[PDB]
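Chemist: I'd like to ask you about the structure that follows.
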Amino acid sequence: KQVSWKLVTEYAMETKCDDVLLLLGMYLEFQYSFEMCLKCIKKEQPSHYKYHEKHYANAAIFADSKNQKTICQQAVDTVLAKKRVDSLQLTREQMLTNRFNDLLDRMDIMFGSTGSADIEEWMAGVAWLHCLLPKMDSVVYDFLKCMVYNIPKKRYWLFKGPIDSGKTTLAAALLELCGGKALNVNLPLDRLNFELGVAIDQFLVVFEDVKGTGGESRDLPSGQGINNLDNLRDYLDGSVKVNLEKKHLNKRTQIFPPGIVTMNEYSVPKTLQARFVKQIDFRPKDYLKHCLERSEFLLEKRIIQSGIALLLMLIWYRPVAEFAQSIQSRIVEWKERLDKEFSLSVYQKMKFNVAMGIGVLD
Amino acid sequence: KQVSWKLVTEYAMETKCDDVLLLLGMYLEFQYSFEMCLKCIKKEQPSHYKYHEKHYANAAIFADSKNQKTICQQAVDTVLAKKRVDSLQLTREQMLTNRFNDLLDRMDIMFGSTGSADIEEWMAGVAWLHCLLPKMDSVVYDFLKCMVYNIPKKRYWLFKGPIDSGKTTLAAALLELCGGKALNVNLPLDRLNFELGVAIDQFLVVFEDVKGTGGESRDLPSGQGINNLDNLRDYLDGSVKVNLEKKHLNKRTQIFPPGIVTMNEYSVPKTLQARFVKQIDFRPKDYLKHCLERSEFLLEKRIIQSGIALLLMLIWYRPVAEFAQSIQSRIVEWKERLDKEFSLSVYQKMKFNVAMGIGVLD
Amino acid sequence: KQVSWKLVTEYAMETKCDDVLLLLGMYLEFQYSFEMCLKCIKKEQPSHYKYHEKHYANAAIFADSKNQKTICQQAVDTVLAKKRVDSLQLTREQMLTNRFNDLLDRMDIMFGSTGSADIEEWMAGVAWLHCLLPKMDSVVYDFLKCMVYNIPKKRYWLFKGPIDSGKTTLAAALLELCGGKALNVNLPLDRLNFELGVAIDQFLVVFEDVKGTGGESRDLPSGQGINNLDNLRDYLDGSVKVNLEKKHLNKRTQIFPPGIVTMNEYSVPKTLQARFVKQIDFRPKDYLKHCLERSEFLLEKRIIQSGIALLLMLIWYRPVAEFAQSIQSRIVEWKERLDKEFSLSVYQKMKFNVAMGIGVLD
Amino acid sequence: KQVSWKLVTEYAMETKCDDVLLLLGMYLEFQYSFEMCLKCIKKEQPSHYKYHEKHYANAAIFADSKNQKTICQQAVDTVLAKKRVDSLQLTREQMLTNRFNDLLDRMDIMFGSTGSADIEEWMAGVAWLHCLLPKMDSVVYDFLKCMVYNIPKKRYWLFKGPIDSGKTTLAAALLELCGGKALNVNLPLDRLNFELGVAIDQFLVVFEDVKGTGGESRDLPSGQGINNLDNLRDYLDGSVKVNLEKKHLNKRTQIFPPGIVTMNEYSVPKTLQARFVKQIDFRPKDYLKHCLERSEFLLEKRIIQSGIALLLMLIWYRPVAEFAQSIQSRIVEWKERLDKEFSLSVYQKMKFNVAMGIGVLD
Amino acid sequence: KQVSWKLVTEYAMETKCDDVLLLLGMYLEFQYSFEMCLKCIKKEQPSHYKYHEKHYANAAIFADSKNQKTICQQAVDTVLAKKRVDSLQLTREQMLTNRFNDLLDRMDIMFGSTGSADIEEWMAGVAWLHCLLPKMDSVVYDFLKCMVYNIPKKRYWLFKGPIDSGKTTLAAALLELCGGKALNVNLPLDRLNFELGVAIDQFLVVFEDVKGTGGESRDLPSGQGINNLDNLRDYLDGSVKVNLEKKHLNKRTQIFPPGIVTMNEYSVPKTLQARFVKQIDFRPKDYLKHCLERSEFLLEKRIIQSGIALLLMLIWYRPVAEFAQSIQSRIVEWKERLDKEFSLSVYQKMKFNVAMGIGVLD
DNA sequence: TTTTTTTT
Ligand SMILES: Nc1ncnc2c1ncn2[C@@H]1O[C@H](COP(=O)(O)OP(=O)(O)OP(=O)(O)O)[C@@H](O)[C@H]1O
Ligand SMILES: Nc1ncnc2c1ncn2[C@@H]1O[C@H](COP(=O)(O)OP(=O)(O)OP(=O)(O)O)[C@@H](O)[C@H]1O
Ligand SMILES: Nc1ncnc2c1ncn2[C@@H]1O[C@H](COP(=O)(O)OP(=O)(O)OP(=O)(O)O)[C@@H](O)[C@H]1O
Ligand SMILES: Nc1ncnc2c1ncn2[C@@H]1O[C@H](COP(=O)(O)OP(=O)(O)OP(=O)(O)O)[C@@H](O)[C@H]1O
Ligand SMILES: Nc1ncnc2c1ncn2[C@@H]1O[C@H](COP(=O)(O)OP(=O)(O)OP(=O)(O)O)[C@@H](O)[C@H]1O
């Protein structure tokens, strides 16, 4: 009796698997009797134990197949096709709505029965970030708007300050939240072709540490980034499509995603100052260092740099109406759980401790 | 029974879809009951909802096939082959009548029963655009004719002027009108010597932000582009056909399209000046800023960058005589609606509001 | 019943089509009934309407094939194999037979139904060229047959006159007539090696105006260019093969093609001077330049840079018995066309205008 | 009858083989009579002699197959697919316990009765290592935690000291313990592209003997290592994912591994001190050298370089609780075996011999 | 009925054809009705007309095949396989007999009834060559024997003398006779490495015009070649294998083949002098240039560059026993033709007339 | 056959 390629493709759709090897590896695990599947019994991976019983019968036949890689290839192509269809038809608003559902699904697991995440430690992170700048949650909403609206020539935010001032920590959390990618421009001009190629079909991008010149005035080593960026105004402006690379592949042509650039205190040509719609400056603060020193689970679990921490901040601080109609349903459930499990006094005790530079918990 | 690759390819032709993954994904949607189909019920996407009922039966059989990418590859190749046969056999006017049919079909949808936008906003756009430069509508008709007759040497156009003078905005609108592609000239030539290969089978191209020495005193760094374009005489003059590059695929040789170059105000070598038909000398125009500020919907919906706005302008301004007979039928029929939906006093009142720096609507 | 692969191959041979997508696109059109075929009715394209009725039955069955691109790939291989067999086997004269026909085929278009070129202004080019120097149709015929015979040492002509005296412009016209390419030698010696690689397999070559040292005093741009040529003894003589080089690619051996050198009036080592068959003075002549200034279509349509204008000069002046033995027949309808379109008196009047320096058609 | 592909896939999995040729060559050996297999009888290779009898029947049929390389390719994919599944789903602690279990398995052979090694010599090596630095075993534990926790911007240790002072010796042992790669960055900036590609999916990296610039008064050569590192800040900090390269392969996104930098006595920017968690100063010491000369079987067998030696040190020194839970059973058994075979006096005698610079053994 | 792949393999072998496209093209020509074949009837290409009559029936069936290129690929592989087998197993003696048989076949054509050149024209060539140096025939016999034995150290011959003194003329004819490559070592040390790669798997190499440094006392321009050669001593001595490299490609290891060195009368190191078997001095002699000046068909037909002329000289001068037994029958036939064609009186008249420096013929 | 190499 033959393998159902249909059942395989459906698993890859359900789990959104992009990699033929990852798909192959995981589907093989289903060959063993789910009745005794130690992994299922220990509930260690949703993408396994949700599926093993359903796929077991087909996986036994797949284990014998001589075609295996071909079956997986067709499955991955279907998931890739679904992505291109979506990328060419969704509004950016709908795209963000989908991303939030993915994160909320992960949160339901993290704080779920398996429950590995202590929501107390995660909410401590929210207090730390809300402390990092005035009106923090308002600034996040402004960033989200302009990423959604993607207004031409008003498309990039500039993060500037001295070192150890948290700007890349914030950028990392924002980047996880929207699911962009990071890129280098402190490079020779040739290499940029395949480098910038990975921006293909991403929602957002981040450029790090772009280097000005004469920076040794400020002990900054002078470098390529700023002058490479003035060579790229059109990619910033997003006013027209551009052509993007891959090895062993043709171009694809598209408008280039919006995003964020991070800066030591170099000087900048005003052609670029014209193009950054907004700038915010970060400045070091002693009590934050003391707090982290007392509370290193914030770093060790990477809480302060996760988009999950930003999402919790928004759920706490923003009206339900600021979210799209579909997710408002889930937003309501999460607002309930947070309010129930964190009395305002608890959060105030936390935010107090952070401001004092004390260990957040007491 | 078995998949009709014929019915597949008919969809590919009729959608003009020429991406194998896009096609693959698109067709797979039809596997579900069209009678229940939520996208059909929404009338969400024309390239779905017109076809779902027709292709449903074949797509069910497609959904079980094991040849799925191979089926799509043949289907895409007939679409691409059709473009090739057209690209040599059709006369340039005939090409434009095809392109204008394409844009009119979109306009039929946009201002269709969905009212996906309101033409009042787009006509405010027409007013804002015609407000840019003297006799604006007329200059476009001259440029169109230059690209039609494609006369050698007198074959390229310069836009010169400061940032936020709108030259890129004009360029974006013209390219969205014609179809064609952009390129960057500010490169080492042996890099550009592959990128020029993009021009294949295109009607038009545009070259962005040429840089040269003698700008750098004005926050306007020099670049290779000025000398590159001075040297790219073949591509410019169009007095002969030239090679165009590809990867894992053969080159071809053909006439290089006509086109436009944009500059901020570097110098120009006189022989390169002499290779233009014309130059146009963009400026700030202060009250437009004020209008735009109120008129945020203009940029949010990208109206003033989009060739659809130009098409509404030429319909509004030009004699019905300016077009080929078959489209003159559609021109007349569509030109009716503008009276049904505007008085001239409204159009006057709009351009007045523009001139007055008001929000265009009242 | 089945696709004849044979019939597809015949059509590819008859079209001499060497593009698989083009062949695919073309042949698919025959699947509709030839009996109504509107391209046939309109007699638009012989490569269609000559063939449809024969191929129709096979094209229908072809359109149902699942293998289509494979059929076409074999057909294109056949045409490429044919070219390679001939390319190895045939003589310089037989190859000249080809580029002759290619140039006549272009003229049948350029002055055909489109009227894209004004045959009068182009024959006025023939006149203006013919008055540069003595008997120019003979001077061409002498040079041309010299390039066919490719006799060792007897292979290179020198142009030596001051600026604007025509050598560059003439060299351009010569290249259009012939194909081939020009070359730079005004260089440090390392560069010459890849430069010379351009000559590989060219039917003719040129050397760009030499930086002759012994030009310093003449206020000419000057240097090793001439001493490089004097050093490169053997390549000109072409008695024996030599190696040639391309970047990122291996060495190759050729008899170095025959060609032309041009200069302003440098002083010359008589060793190098002894290598030439002819050296030709050029004088700037007021009547020539002022006629051009009165006749600028000659420049704008680059008629004087047209090698096709040289082919007209052959067709007009030279006797039928001088052209390629059988293709002489094809020349006579061209002579007949020109003889009908142009009395000798109008060509004479034309020459008499430039004989007054008056614009040719004035 | 037919080949069981499944049995081949099992053999690949059981041997964890992932070279197609190694797998092929290995499997082919089973085709001869198991009952006479001299390799089995001589008990030379366990990956042979465990398996020949099981696989024999299928190996004979495989020997006749016409598909041999395709059969092997599917088997190697299965092993590679498992590695990627693990790379995404395992915790860093689990990865380390898997690595430990494999070393412990290798130790079981070496000190098996069939084993070649002498546990007294291997224990002698531990005495030399525990003399190389203060509190050596505690330093190993602190480093292991540092790599398991992988705390961003607290991920890298700096080894520096004179030449012939044991830094690369110690790095090699840690690298064999954990698995990882060494890398060279005293390079031109371009080859760094592919060089950093080597880090892909590794656990550790070691940057070996980076060169500073200047201060050749220190007798140090100069090179670009430190100037490259001061650029590569993002790869050290490990705050965000980066994109890595391989020849003929498209760019791969992951967070960059933690690791070690080794360096002779160059001075260093504080910008790089700011990125190293800890700095260890190695020093040359006479009694180590004098002991080592008399104890040179240590060198001959590479005992001092090898991760087995560090693992033995941890088993001797560390409490059982510090090992992850599942291995505590095996660790206890090895502790008992060590105690059975060495008194404290023997170990303490060895250390005294090392301190006295006599040969370790007596 | 079916294609015989064997018949295609045989044709490919007898024609020694290496190109798929070439073989494909050739074989398709046999499908047209053999009896009418104008190519047969003109008797031009022997690789056609010797075979068309035989292969005709198979060519018809091949013309209908669906997998034609696969047939031709296998045939070409058979030809390529035999070449590598021979490269590894032939004696140098046998290689030369094979090389000679090829030339003898071309001579049977050139002087057959269809032969376009005339044997009297070529015997004029032999007479002129015999006058260039004393004992010319015996010199050539010695040189060939030297290459055939390839005795180490006794491997290389030196040509020196003024410009236009015939040294490269002779090298060309020898290289045409034996097969091989020229090389240029007037280079910096880096470029030599790829240059020496040209020698890979050749029979001879010629180092052309290695310049010495200094010696402008003789007006010889200085250059590095001689200094480069004195480093390369081991390549010349030929006593042990060397490593050779090519662009994009690996090393190869082999004995560097024997060859010829040419130059003007530079100084020599005594070390380099000792590495040569013989020095042969060239000098201008006026009666040769006056003879050429009155028999330029020698140059025009490139007779004196040709190894065919050398082979003709060997046949005229040397005993039958000096040839290898395999070809002695063809040699005797060719001698008998020549003796019947020319009386000694004719040849003696030619030689004397050349000594008078008059045109060869009377 | 690109990409890597080579060109630089
Ligand atoms: N505002 C701040 N004041 C004091 N310490 C800070 C602040 N922000 C971050 N930190 C500390 O600095 C560490 C590094 O933060 P981060 O990498 O985000 O800084 P950065 O300025 O963006 O750095 P870089 O320019 O090197 O990328 C954090 O882990 C935290 O310990
Ligand atoms: N003539 C104008 N006067 C004032 N503002 C203008 C004008 N034209 C455009 N703008 C503003 O500048 C923005 C950018 O316009 P656009 O990119 O077309 O200008 P540009 O001159 O081509 O600029 P750049 O050289 O930076 O690409 C527009 O979206 C609009 O907000
Ligand atoms: N003999 C001539 N007398 C006058 N005008 C001429 C003559 N020959 C050419 N012309 C015109 O002068 C232009 C420039 O001529 P051209 O570049 O061919 O001269 P050149 O001798 O090669 O010059 P240069 O040495 O400056 O490059 C031509 O394109 C043509 O328009
Ligand atoms: N602390 C030490 N005291 C004395 N001799 C030492 C010491 N460490 C190493 N040696 C000797 O130096 C040899 C080389 O050791 P190793 O290669 O680790 O040196 P290194 O200085 O750390 O090298 P590198 O600079 O290349 O990393 C050892 O085999 C041993 O003979
Ligand atoms: N010995 C000679 N006496 C007189 N004329 C000669 C002699 N040898 C060659 N020639 C003339 O010189 C021309 C060039 O000959 P050739 O290329 O062989 O000279 P070469 O000195 O060996 O050259 P090169 O310096 O390039 O190695 C010949 O075609 C002939 O006209």
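So you can find residues: chains in the structure tokens are A, B, ... in the order shown, residues in each start at 1, and ligands are numbered from 1 in order.
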Which parts of region 112-159 of chain E does DSSP call strand (DSSP E or B) when run on the backbone here, written out as JSON, numbers by chain?

Modeler: {"E": [156, 157, 158, 159]}

Chemist: DSSP on the backbone: what in region 62-252 of chain E comes out helix (DSSP H, G or I), as a ChimeraX atom specification?

Modeler: /E:62-63,68-89,92-111,119-130,136-149,167-178,189-199,216-218,225-231,233-237

Chemist: Residues near residue 232 (chain E), anyone? I mean within 12 Å using only C-alpha atoms (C1' of nucleotides), not counting same-chain ones fewer than 4 positions away, as a list in words.

Modeler: residues 185, 189, 192, 193, 196, 225, 226, 227, 228, 236, 237, 238, 242, 256, 271, 272 and 275 of chain E

Chemist: Produce a file of the selected residues containing N, CA and C atoms, as a PDB file, in the first residue's frame.

Modeler:
ATOM      1  N   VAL E 185      58.035  33.822 -20.819  1.00  0.00           N
ATOM      2  CA  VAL E 185      58.505  33.952 -19.446  1.00  0.00           C
ATOM      3  C   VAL E 185      59.220  35.281 -19.202  1.00  0.00           C
ATOM      4  N   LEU E 189      57.513  37.026 -11.250  1.00  0.00           N
ATOM      5  CA  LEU E 189      57.497  35.666 -10.721  1.00  0.00           C
ATOM      6  C   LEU E 189      56.089  35.121 -10.527  1.00  0.00           C
ATOM      7  N   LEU E 192      54.364  33.677 -13.819  1.00  0.00           N
ATOM      8  CA  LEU E 192      54.983  32.460 -14.340  1.00  0.00           C
ATOM      9  C   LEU E 192      54.198  31.211 -13.980  1.00  0.00           C
ATOM     10  N   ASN E 193      53.621  31.176 -12.785  1.00  0.00           N
ATOM     11  CA  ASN E 193      53.028  29.942 -12.284  1.00  0.00           C
ATOM     12  C   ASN E 193      51.894  29.451 -13.172  1.00  0.00           C
ATOM     13  N   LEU E 196      53.425  28.495 -16.881  1.00  0.00           N
ATOM     14  CA  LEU E 196      53.967  27.147 -16.979  1.00  0.00           C
ATOM     15  C   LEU E 196      52.885  26.078 -17.047  1.00  0.00           C
ATOM     16  N   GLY E 225      63.495  37.577 -18.494  1.00  0.00           N
ATOM     17  CA  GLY E 225      63.329  36.166 -18.820  1.00  0.00           C
ATOM     18  C   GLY E 225      64.496  35.282 -18.420  1.00  0.00           C
ATOM     19  N   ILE E 226      65.713  35.689 -18.777  1.00  0.00           N
ATOM     20  CA  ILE E 226      66.890  34.864 -18.508  1.00  0.00           C
ATOM     21  C   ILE E 226      67.059  34.613 -17.016  1.00  0.00           C
ATOM     22  N   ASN E 227      66.821  35.630 -16.199  1.00  0.00           N
ATOM     23  CA  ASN E 227      66.922  35.450 -14.756  1.00  0.00           C
ATOM     24  C   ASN E 227      65.852  34.497 -14.246  1.00  0.00           C
ATOM     25  N   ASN E 228      64.655  34.555 -14.827  1.00  0.00           N
ATOM     26  CA  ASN E 228      63.615  33.586 -14.499  1.00  0.00           C
ATOM     27  C   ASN E 228      64.032  32.166 -14.853  1.00  0.00           C
ATOM     28  N   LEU E 236      63.891  22.449 -16.591  1.00  0.00           N
ATOM     29  CA  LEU E 236      64.676  22.180 -17.790  1.00  0.00           C
ATOM     30  C   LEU E 236      65.370  20.826 -17.702  1.00  0.00           C
ATOM     31  N   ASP E 237      66.047  20.557 -16.588  1.00  0.00           N
ATOM     32  CA  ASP E 237      66.801  19.315 -16.460  1.00  0.00           C
ATOM     33  C   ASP E 237      65.925  18.094 -16.691  1.00  0.00           C
ATOM     34  N   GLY E 238      64.646  18.178 -16.349  1.00  0.00           N
ATOM     35  CA  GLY E 238      63.721  17.114 -16.672  1.00  0.00           C
ATOM     36  C   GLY E 238      63.952  15.834 -15.914  1.00  0.00           C
ATOM     37  N   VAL E 242      57.534  17.772 -11.644  1.00  0.00           N
ATOM     38  CA  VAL E 242      57.233  19.096 -11.121  1.00  0.00           C
ATOM     39  C   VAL E 242      55.724  19.264 -11.062  1.00  0.00           C
ATOM     40  N   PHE E 256      58.474  17.752 -16.992  1.00  0.00           N
ATOM     41  CA  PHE E 256      58.247  18.903 -17.851  1.00  0.00           C
ATOM     42  C   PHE E 256      58.842  18.676 -19.241  1.00  0.00           C
ATOM     43  N   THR E 271      75.874  28.916 -15.805  1.00  0.00           N
ATOM     44  CA  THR E 271      74.941  27.905 -15.310  1.00  0.00           C
ATOM     45  C   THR E 271      73.886  27.572 -16.350  1.00  0.00           C
ATOM     46  N   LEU E 272      73.255  28.598 -16.904  1.00  0.00           N
ATOM     47  CA  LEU E 272      72.196  28.384 -17.876  1.00  0.00           C
ATOM     48  C   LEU E 272      72.747  27.819 -19.176  1.00  0.00           C
ATOM     49  N   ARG E 275      72.946  24.006 -19.472  1.00  0.00           N
ATOM     50  CA  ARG E 275      71.724  23.215 -19.580  1.00  0.00           C
ATOM     51  C   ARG E 275      71.286  22.922 -21.009  1.00  0.00           C
TER      52      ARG E 275
END

Chemist: Find the residues near residue 6 (chain F): any atom within 8 Å, counting only C-alpha atoms (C1' of nucleotides), skip ones fewer than 6 places away on the same chain, and give them as a list in words.

Modeler: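 Final neighbour list, sorted by chain and number: residues 247 and 248 of chain C; 247 and 248 of chain E.
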
Chemist: Keeping only C-alpha atoms, take the residues you just selected and write them out as a PDB file, in the first residue's frame.

Modeler:
ATOM      1  CA  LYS C 247      40.444  37.133 -17.519  1.00  0.00           C
ATOM      2  CA  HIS C 248      39.405  34.104 -15.439  1.00  0.00           C
TER       3      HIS C 248
ATOM      4  CA  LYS E 247      43.370  28.743 -13.592  1.00  0.00           C
ATOM      5  CA  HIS E 248      40.314  27.482 -11.651  1.00  0.00           C
TER       6      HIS E 248
END

Chemist: Please check which protein, DNA or RNA residues sit within 9 Å of ligand 5, counting only C-alpha atoms (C1' of nucleotides) and all ligand atoms, and write them as JSON, numbers by chain.

Modeler: {"C": [153, 232, 233, 234, 237, 239, 240], "E": [131, 132, 133, 159, 160, 161, 162, 163, 164, 165, 166, 167, 168, 169, 170, 171, 172, 208, 209, 262, 263, 264, 282, 283, 284, 285, 286, 287, 288, 289, 290, 292, 293, 299, 304, 305]}

Chemist: Fewer than 2 positions away in the same chain doesn't count, so skip those; otherwise give me all residues within 12 Å of residue 255 (chain A), counting only C-alpha atoms (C1' of nucleotides), as number ranges by chain.

Modeler: A: 88, 150-153, 155, 199-204, 234-244, 252-253, 257-258; B: 182

Chemist: Could you list, as a PyMOL selection string, every residue within 10 Å of residue 119 (chain A), counting only C-alpha atoms (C1' of nucleotides) and ignoring same-chain residues fewer than 2 positions away?

Modeler: chain A and resi 107+110-111+115-117+121-125+312+338+341-342

Chemist: Kindly provide, as a list in words, the residues of chain C having any atom no farther than 12 Å from an atom of chain F, counting only C-alpha atoms (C1' of nucleotides).

Modeler: residues 191, 194, 246, 247, 248, 249 and 250 of chain C

Chemist: Write out, as a compact mmCIF listing (two decimals), in the first residue's frame, the residues just selected, with N, CA, C and O atoms.

Modeler:
# COMPACT_ATOMS: atom_id res chain seq x y z
N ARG C 191 48.71 45.43 -19.26
CA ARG C 191 47.33 45.53 -19.70
C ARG C 191 47.13 44.92 -21.08
O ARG C 191 46.07 44.36 -21.37
N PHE C 194 45.46 41.07 -21.68
CA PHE C 194 44.01 40.89 -21.75
C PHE C 194 43.40 41.72 -22.88
O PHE C 194 42.43 41.28 -23.52
N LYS C 246 42.28 35.84 -21.78
CA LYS C 246 41.06 36.41 -21.21
C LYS C 246 41.02 36.19 -19.70
O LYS C 246 41.38 35.12 -19.20
N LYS C 247 40.54 37.21 -18.97
CA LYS C 247 40.44 37.13 -17.52
C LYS C 247 39.64 35.91 -17.09
O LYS C 247 38.66 35.54 -17.72
N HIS C 248 40.08 35.28 -16.00
CA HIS C 248 39.41 34.10 -15.44
C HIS C 248 39.28 32.96 -16.44
O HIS C 248 38.43 32.07 -16.25
N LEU C 249 40.07 32.95 -17.50
CA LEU C 249 39.92 31.94 -18.54
C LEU C 249 41.30 31.59 -19.11
O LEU C 249 42.25 32.37 -19.02
N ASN C 250 41.40 30.39 -19.70
CA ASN C 250 42.67 29.86 -20.20
C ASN C 250 43.11 30.52 -21.51
O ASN C 250 42.35 31.21 -22.19

Chemist: When you draw a straight line from CA of residue 93 (chain D) to CA of residue 177 (chain D), how long is it in Å?

Modeler: 13.8 Å

Chemist: Counting only C-alpha atoms, a student should be able to say which residues of chain C come within 10 Å of chain B; what is the right answer, written as a PDB file with C-alpha atoms, in the first residue's frame?

Modeler:
ATOM      1  CA  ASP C  19      16.114  30.093 -28.982  1.00  0.00           C
ATOM      2  CA  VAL C  20      14.115  27.327 -27.304  1.00  0.00           C
ATOM      3  CA  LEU C  21      11.547  29.678 -25.751  1.00  0.00           C
ATOM      4  CA  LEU C  22      11.097  31.485 -29.040  1.00  0.00           C
ATOM      5  CA  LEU C  23      10.685  28.218 -30.915  1.00  0.00           C
ATOM      6  CA  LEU C  24       8.239  27.005 -28.280  1.00  0.00           C
ATOM      7  CA  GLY C  25       6.235  30.213 -28.430  1.00  0.00           C
ATOM      8  CA  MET C  26       6.202  30.326 -32.220  1.00  0.00           C
ATOM      9  CA  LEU C  28       2.311  26.822 -30.216  1.00  0.00           C
ATOM     10  CA  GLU C  29       0.574  29.471 -32.330  1.00  0.00           C
ATOM     11  CA  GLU C  44       1.836  39.952 -40.843  1.00  0.00           C
ATOM     12  CA  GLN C  45       4.776  37.561 -40.475  1.00  0.00           C
ATOM     13  CA  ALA C  63      -0.080  21.386 -27.674  1.00  0.00           C
ATOM     14  CA  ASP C  64      -1.290  18.285 -25.802  1.00  0.00           C
ATOM     15  CA  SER C  65       2.235  16.969 -25.202  1.00  0.00           C
ATOM     16  CA  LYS C  66       3.555  16.805 -21.638  1.00  0.00           C
ATOM     17  CA  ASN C  67       7.144  16.899 -22.896  1.00  0.00           C
ATOM     18  CA  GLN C  68       7.165  20.060 -24.927  1.00  0.00           C
ATOM     19  CA  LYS C  69      10.393  21.783 -23.890  1.00  0.00           C
ATOM     20  CA  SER C 116      12.419  53.853 -40.707  1.00  0.00           C
ATOM     21  CA  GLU C 176      29.811  48.613 -38.693  1.00  0.00           C
ATOM     22  CA  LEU C 299      25.211  62.887 -37.863  1.00  0.00           C
ATOM     23  CA  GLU C 300      21.922  62.412 -36.037  1.00  0.00           C
ATOM     24  CA  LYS C 301      21.142  59.229 -37.951  1.00  0.00           C
ATOM     25  CA  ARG C 302      24.940  58.623 -37.940  1.00  0.00           C
ATOM     26  CA  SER C 306      27.029  53.711 -41.077  1.00  0.00           C
TER      27      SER C 306
END

Chemist: Extract, using only C-alpha atoms (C1' of nucleotides), all DNA, RNA and protein residues at most 12 Å from residue 332 (chain B), discarding same-chain residues fewer than 2 positions from it, and format them as a list in words.

Modeler: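 These residues fall inside the cut-off: residues 315, 316, 318, 319, 320, 321, 322, 323, 324, 325, 326, 327, 328, 329, 330, 334, 335, 336, 337, 338 and 339 of chain B.
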
Chemist: Give me, please, the distance in Å between CA of residue 266 (chain C) and CA of residue 230 (chain B), quoted to one decimal.

Modeler: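 According to the coordinates, CA of residue 266 (chain C) and CA of residue 230 (chain B) are separated by 28.2 Å.
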